[PDB]
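Presented below, as structure tokens, is a lone chain in the form deposited in one PDB entry.
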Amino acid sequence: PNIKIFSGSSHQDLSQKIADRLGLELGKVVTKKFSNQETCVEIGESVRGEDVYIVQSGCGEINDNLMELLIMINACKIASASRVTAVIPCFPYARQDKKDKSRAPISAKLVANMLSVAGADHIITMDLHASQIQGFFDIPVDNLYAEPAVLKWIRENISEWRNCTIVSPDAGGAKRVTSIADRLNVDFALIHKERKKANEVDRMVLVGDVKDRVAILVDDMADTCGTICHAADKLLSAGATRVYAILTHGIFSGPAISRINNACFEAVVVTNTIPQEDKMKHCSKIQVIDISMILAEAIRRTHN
């Protein structure tokens, strides 16, 4: 079997980078929409007995892209592919990973079941919102981490990183922040927005010392940037000299770009698990880390 790399419509630049790093051309696929907005998938070459990798991030038109991915997986399976791997750099519906409300769906589990029934044999993803999503499948799931790239960026771009403090923007990010602070041998702090019991002002509590130090906000994602922006205001109010934000998934939906442009961030650093070209054109603060080498190595090791 040979590696066949197919791109969905979501992140074709990343698919191209992966294919170039693998020394391959992207597989011939036409991924369009029928007139009635149904997903049209036209695989343009044989995948018989091939090791098929389909790259599709959960971003942009989320349901469009997920349906595209499922249809492409099923087409490859029925086309007698030896193995079909879904390379999903940002797993869609990953934040819906539990039922902590009445009648709430576990949408991540539903997405996993849909991928399984489409015929996926392997999942490669980066920085799952919850690592337990690996357990939502009965197939191997590669949960790659961008933390080494994030440490590289910190050591190369922040001069006073040895005296910095890594800040969690919420309680759920504590493990990630403590891991990064341990690897950098630096202090850490945590910021918590307390629960909205009524309609008073949202107030943020900070535990840890950030006074007269560079604060690096590290989180798994920035969707609306409310978390990181509120944390940044709190950090400046607490005496931080400079504030950085490093995420692995830059979703930047809704008011995020205006929020960041009006915030105090020295830089907002994200990986390219989600396309950032449009976001960078409206926010100069955004910088991107390439994770295509991580995904390419994951695909190569999965194949080998």
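Numbers follow the displayed sequence, beginning with 1. Rigid core here is just the name for the largest C-alpha set that superposes within 1.5 Å across the two forms.
If you look for the form deposited in another entry, you will not find it shown, but the lines that follow are about it.
Asker: Among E194, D100, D182, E156, which is the residue that shifts its C-alpha 2 Å or more between this form and the one not shown, core superposed?
Answerer: Between the two forms, the residue that moves is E194.
Asker: Given a change of 3 Å or more, say if the Cα atoms of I106 and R195 sit closer or farther in the other form than in this form.
Answerer: Result: farther.
Asker: By 3 Å or more, the Cα spacing of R95 and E200 differs in the other form; is it closer or farther than in this view?
Answerer: Distance between the C-alphas of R95 and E200: longer in the other form, by 3 Å or more.
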